[PDB]
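Student: Sharing a structure below in structure tokens format, with a few things to ask.
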Amino acid sequence: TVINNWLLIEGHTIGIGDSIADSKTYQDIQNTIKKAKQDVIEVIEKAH
Amino acid sequence: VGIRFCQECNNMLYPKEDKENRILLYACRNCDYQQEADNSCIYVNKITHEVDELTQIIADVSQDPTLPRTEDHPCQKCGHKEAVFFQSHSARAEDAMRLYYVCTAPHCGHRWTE
Ligand SMILES: [Zn+2]
Ligand SMILES: [Zn+2]
């Protein structure tokens with residue numbers, strides 16, 4: 001009861017803003033993914 | 001290693017021992033036909049089964065649009081730049097991820113492995 005009625009004051013939500021990261025973070029993630037794909041390509045070529 | 005067929009009833013031949021001359025013979029069991037044996041071997045069993053896949057690879061495979069192709073590896077016969085490559089394409093191939101290359105361009109049909 002008391003916590004719900006305090007949440008009536010503070011409030012909680014979810015939305016687009018909660019799912020969006022900084023552009024630097026997106027660039028870092030893309031760099032990591034590209035590096036991973038390059039490593040997988042290298043492994044495939046080594047197996048070839 | 002292979003089998004040879006009878007020359008009279010066109011049946012299957014079987015190995016038969018010649019007691020007198022001690023020479024290997026293939027004698028059909030459905031008639032009296034007998035022929036001399038040249039290879040002198042009967043049963044060959046390759047447990048490792050290391051048969052070169054290049055013989056089992058068909059030249060027309062190069063016609064496949066779904067197959068990857070590379071410009072890096074040229075043909076050895078005609079030196080054609082374009083070549084199509086694919087993996088073993090077979091089961092029970094032990095552990096082998098090696099690539100088999102087939103040269104494109106008509107009438108070449110060359111297959112090599114690197
Ligand atoms: Zn026969
Ligand atoms: Zn060629």
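Each chain in the structure tokens gets a letter, A, B and so on, in the order shown; residues start at 1 in every chain, and ligands are counted from 1 in the order they appear.
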With only C-alpha atoms and all ligand atoms counted, collect every polymer residue having an atom within 12 Å of ligand 1; state the result as a PyMOL selection string.
Tutor: chain B and resi 4-14+26-35
Student: How would the residues just chosen look if you wrote them out with N, CA, C and O atoms as a compact mmCIF listing (two decimals), in the first residue's frame?
Tutor:
```txt
# COMPACT_ATOMS: atom_id res chain seq x y z
N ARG B 4 34.44 -58.70 -62.45
CA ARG B 4 34.39 -58.95 -63.88
C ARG B 4 33.27 -59.93 -64.18
O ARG B 4 33.00 -60.85 -63.40
N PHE B 5 32.61 -59.72 -65.31
CA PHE B 5 31.41 -60.47 -65.65
C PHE B 5 31.74 -61.61 -66.59
O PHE B 5 32.72 -61.55 -67.35
N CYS B 6 30.92 -62.65 -66.54
CA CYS B 6 31.13 -63.83 -67.36
C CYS B 6 30.99 -63.50 -68.84
O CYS B 6 30.25 -62.60 -69.23
N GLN B 7 31.72 -64.25 -69.66
CA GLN B 7 31.74 -64.02 -71.10
C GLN B 7 30.77 -64.91 -71.86
O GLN B 7 30.60 -64.73 -73.07
N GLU B 8 30.12 -65.86 -71.19
CA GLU B 8 29.24 -66.82 -71.86
C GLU B 8 27.78 -66.56 -71.50
O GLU B 8 26.96 -66.36 -72.40
N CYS B 9 27.43 -66.56 -70.22
CA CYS B 9 26.08 -66.23 -69.79
C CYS B 9 25.96 -64.81 -69.26
O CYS B 9 24.89 -64.44 -68.77
N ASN B 10 27.03 -64.02 -69.35
CA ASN B 10 27.03 -62.61 -68.95
C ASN B 10 26.64 -62.45 -67.48
O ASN B 10 25.96 -61.51 -67.10
N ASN B 11 27.10 -63.39 -66.66
CA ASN B 11 26.84 -63.38 -65.23
C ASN B 11 28.06 -62.86 -64.49
O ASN B 11 29.02 -62.37 -65.08
N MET B 12 28.01 -62.97 -63.16
CA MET B 12 29.09 -62.49 -62.31
C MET B 12 30.13 -63.59 -62.13
O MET B 12 29.78 -64.76 -61.93
N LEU B 13 31.40 -63.23 -62.20
CA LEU B 13 32.48 -64.18 -62.00
C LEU B 13 32.88 -64.23 -60.53
O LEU B 13 32.68 -63.28 -59.77
N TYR B 14 33.45 -65.36 -60.13
CA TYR B 14 33.94 -65.55 -58.77
C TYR B 14 35.36 -66.08 -58.80
O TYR B 14 35.71 -66.85 -59.70
N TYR B 26 39.14 -66.81 -62.36
CA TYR B 26 37.77 -66.35 -62.17
C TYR B 26 36.86 -67.29 -62.96
O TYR B 26 36.91 -67.30 -64.19
N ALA B 27 36.05 -68.07 -62.25
CA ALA B 27 35.20 -69.07 -62.87
C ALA B 27 33.75 -68.75 -62.56
O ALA B 27 33.38 -68.59 -61.39
N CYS B 28 32.93 -68.64 -63.60
CA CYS B 28 31.50 -68.45 -63.39
C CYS B 28 30.89 -69.69 -62.78
O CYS B 28 31.21 -70.82 -63.17
N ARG B 29 30.01 -69.49 -61.80
CA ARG B 29 29.41 -70.64 -61.13
C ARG B 29 28.15 -71.14 -61.82
O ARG B 29 27.68 -72.23 -61.50
N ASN B 30 27.59 -70.37 -62.76
CA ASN B 30 26.40 -70.81 -63.47
C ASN B 30 26.72 -71.53 -64.77
O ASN B 30 25.80 -72.01 -65.44
N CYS B 31 27.99 -71.61 -65.15
CA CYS B 31 28.41 -72.35 -66.33
C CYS B 31 29.83 -72.86 -66.09
O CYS B 31 30.31 -72.89 -64.96
N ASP B 32 30.49 -73.27 -67.17
CA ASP B 32 31.85 -73.78 -67.09
C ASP B 32 32.89 -72.76 -67.51
O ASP B 32 34.06 -73.13 -67.69
N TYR B 33 32.51 -71.50 -67.68
CA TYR B 33 33.46 -70.50 -68.14
C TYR B 33 34.52 -70.22 -67.09
O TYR B 33 34.23 -70.18 -65.89
N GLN B 34 35.75 -70.04 -67.54
CA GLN B 34 36.88 -69.70 -66.69
C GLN B 34 37.77 -68.73 -67.45
O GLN B 34 37.99 -68.89 -68.65
N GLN B 35 38.29 -67.73 -66.74
CA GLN B 35 39.21 -66.78 -67.35
C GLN B 35 40.36 -66.51 -66.40
O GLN B 35 40.20 -66.62 -65.18
```
Student: Near range 96-103 of chain B, counting only C-alpha atoms, which residues have an atom at most 6 Å away, once you skip same-chain residues fewer than 2 positions from it, shown as a ChimeraX atom specification?
Tutor: /A:48 /B:75,83-87,109-113
Student: Can you tell me, as a ChimeraX atom specification, which residues in chain A count as alpha helix (DSSP H) by DSSP?
Tutor: /A:2-10,16-19,23-47
Student: Keeping N, CA, C and O atoms for every residue in the selection just given, could you write it to a file as a short mmCIF file (atom, residue, chain, number, x, y, z; two decimals), in the first residue's frame?
Tutor:
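As a result, selection_5.cif now contains:
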```cif
data_model
loop_
_atom_site.label_atom_id
_atom_site.label_comp_id
_atom_site.auth_asym_id
_atom_site.auth_seq_id
_atom_site.Cartn_x
_atom_site.Cartn_y
_atom_site.Cartn_z
N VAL A 2 1.80 1.36 0.94
CA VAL A 2 2.53 2.61 1.09
C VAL A 2 3.44 2.85 -0.12
O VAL A 2 3.55 3.98 -0.61
N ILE A 3 4.07 1.80 -0.64
CA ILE A 3 4.94 1.97 -1.79
C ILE A 3 4.17 2.27 -3.07
O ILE A 3 4.62 3.10 -3.87
N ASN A 4 3.01 1.65 -3.28
CA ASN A 4 2.19 2.00 -4.43
C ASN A 4 1.73 3.45 -4.35
O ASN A 4 1.72 4.17 -5.36
N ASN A 5 1.37 3.91 -3.15
CA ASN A 5 0.89 5.28 -3.03
C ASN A 5 2.02 6.30 -3.08
O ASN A 5 1.76 7.47 -3.35
N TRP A 6 3.26 5.89 -2.81
CA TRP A 6 4.38 6.77 -3.10
C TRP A 6 4.73 6.76 -4.59
O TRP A 6 5.13 7.79 -5.14
N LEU A 7 4.59 5.61 -5.24
CA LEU A 7 4.77 5.54 -6.68
C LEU A 7 3.74 6.37 -7.41
O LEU A 7 4.00 6.84 -8.52
N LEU A 8 2.57 6.57 -6.79
CA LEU A 8 1.62 7.55 -7.30
C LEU A 8 2.26 8.93 -7.42
O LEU A 8 1.88 9.73 -8.28
N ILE A 9 3.23 9.23 -6.56
CA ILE A 9 3.92 10.51 -6.63
C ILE A 9 5.09 10.45 -7.60
O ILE A 9 5.22 11.28 -8.50
N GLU A 10 5.96 9.45 -7.44
CA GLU A 10 7.15 9.41 -8.29
C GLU A 10 6.84 8.88 -9.69
O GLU A 10 7.25 9.48 -10.68
N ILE A 16 10.53 4.57 -25.61
CA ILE A 16 11.61 4.61 -26.60
C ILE A 16 12.90 5.13 -25.99
O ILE A 16 13.97 4.56 -26.21
N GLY A 17 12.82 6.20 -25.20
CA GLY A 17 14.02 6.77 -24.62
C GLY A 17 14.79 5.81 -23.75
O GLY A 17 16.02 5.93 -23.65
N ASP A 18 14.11 4.85 -23.13
CA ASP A 18 14.78 3.86 -22.30
C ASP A 18 15.49 2.79 -23.12
O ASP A 18 16.36 2.10 -22.59
N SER A 19 15.13 2.63 -24.39
CA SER A 19 15.72 1.63 -25.26
C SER A 19 16.79 2.19 -26.19
O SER A 19 17.36 1.43 -26.98
N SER A 23 25.07 7.65 -29.27
CA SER A 23 25.67 7.38 -30.57
C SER A 23 27.07 6.81 -30.45
O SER A 23 27.45 5.96 -31.27
N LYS A 24 27.85 7.24 -29.46
CA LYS A 24 29.14 6.62 -29.21
C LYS A 24 28.99 5.15 -28.87
O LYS A 24 29.78 4.31 -29.33
N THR A 25 27.98 4.81 -28.06
CA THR A 25 27.72 3.41 -27.75
C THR A 25 27.34 2.62 -28.99
O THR A 25 27.79 1.48 -29.16
N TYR A 26 26.51 3.20 -29.87
CA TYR A 26 26.17 2.51 -31.11
C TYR A 26 27.41 2.29 -31.97
O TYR A 26 27.57 1.21 -32.55
N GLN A 27 28.28 3.28 -32.06
CA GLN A 27 29.50 3.11 -32.84
C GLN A 27 30.39 2.02 -32.24
O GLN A 27 30.97 1.22 -32.98
N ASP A 28 30.50 1.98 -30.91
CA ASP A 28 31.30 0.95 -30.27
C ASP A 28 30.73 -0.44 -30.53
O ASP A 28 31.46 -1.39 -30.81
N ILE A 29 29.40 -0.56 -30.44
CA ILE A 29 28.76 -1.85 -30.69
C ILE A 29 28.96 -2.28 -32.14
O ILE A 29 29.24 -3.45 -32.42
N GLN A 30 28.83 -1.34 -33.07
CA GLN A 30 29.04 -1.67 -34.48
C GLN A 30 30.48 -2.08 -34.74
O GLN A 30 30.74 -3.01 -35.51
N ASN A 31 31.44 -1.40 -34.10
CA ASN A 31 32.84 -1.78 -34.25
C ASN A 31 33.08 -3.18 -33.71
O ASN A 31 33.79 -3.98 -34.33
N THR A 32 32.49 -3.49 -32.56
CA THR A 32 32.64 -4.83 -31.99
C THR A 32 32.04 -5.89 -32.91
O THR A 32 32.63 -6.95 -33.12
N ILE A 33 30.87 -5.60 -33.49
CA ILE A 33 30.22 -6.56 -34.38
C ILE A 33 31.05 -6.77 -35.64
O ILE A 33 31.21 -7.89 -36.12
N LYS A 34 31.58 -5.68 -36.20
CA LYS A 34 32.43 -5.80 -37.39
C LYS A 34 33.68 -6.60 -37.08
O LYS A 34 34.10 -7.44 -37.89
N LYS A 35 34.30 -6.37 -35.92
CA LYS A 35 35.47 -7.13 -35.54
C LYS A 35 35.13 -8.61 -35.38
O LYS A 35 35.90 -9.48 -35.78
N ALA A 36 33.97 -8.90 -34.79
CA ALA A 36 33.55 -10.29 -34.63
C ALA A 36 33.33 -10.96 -35.97
O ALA A 36 33.71 -12.11 -36.18
N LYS A 37 32.69 -10.25 -36.90
CA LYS A 37 32.46 -10.81 -38.23
C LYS A 37 33.78 -11.05 -38.95
O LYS A 37 33.94 -12.06 -39.64
N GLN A 38 34.73 -10.13 -38.81
CA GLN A 38 36.05 -10.33 -39.40
C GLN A 38 36.75 -11.54 -38.80
O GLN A 38 37.38 -12.32 -39.52
N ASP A 39 36.64 -11.72 -37.48
CA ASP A 39 37.25 -12.88 -36.84
C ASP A 39 36.60 -14.17 -37.31
O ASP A 39 37.29 -15.17 -37.54
N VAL A 40 35.28 -14.17 -37.47
CA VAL A 40 34.59 -15.36 -37.96
C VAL A 40 35.01 -15.67 -39.39
O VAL A 40 35.20 -16.83 -39.76
N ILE A 41 35.15 -14.63 -40.22
CA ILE A 41 35.62 -14.83 -41.59
C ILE A 41 37.02 -15.41 -41.59
O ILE A 41 37.34 -16.31 -42.38
N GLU A 42 37.89 -14.90 -40.71
CA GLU A 42 39.24 -15.43 -40.60
C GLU A 42 39.23 -16.90 -40.20
O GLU A 42 39.99 -17.71 -40.74
N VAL A 43 38.37 -17.26 -39.24
CA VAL A 43 38.28 -18.65 -38.81
C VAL A 43 37.78 -19.54 -39.95
O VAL A 43 38.29 -20.64 -40.16
N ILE A 44 36.78 -19.06 -40.69
CA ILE A 44 36.25 -19.84 -41.81
C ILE A 44 37.33 -20.05 -42.87
O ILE A 44 37.49 -21.15 -43.40
N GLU A 45 38.07 -18.99 -43.19
CA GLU A 45 39.16 -19.12 -44.16
C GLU A 45 40.24 -20.07 -43.67
O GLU A 45 40.77 -20.85 -44.46
N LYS A 46 40.59 -20.01 -42.38
CA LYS A 46 41.57 -20.93 -41.83
C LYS A 46 41.10 -22.37 -41.94
O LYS A 46 41.89 -23.27 -42.26
N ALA A 47 39.82 -22.62 -41.67
CA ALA A 47 39.28 -23.96 -41.84
C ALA A 47 39.27 -24.37 -43.31
O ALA A 47 39.43 -25.56 -43.62
#
```
Student: One decimal, in Å: what's the spacing between CA of residue 15 in chain B and CA of residue 55 in chain B?
Tutor: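 CA of residue 55 in chain B lies 28.1 Å from CA of residue 15 in chain B.
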Student: Can you tell me, as JSON, numbers by chain, what residues are no more than 9 Å from range 46-53 of chain B when counting only C-alpha atoms, ignoring any on the same chain fewer than 5 positions away?
Tutor: {"B": [88, 93, 94, 100]}
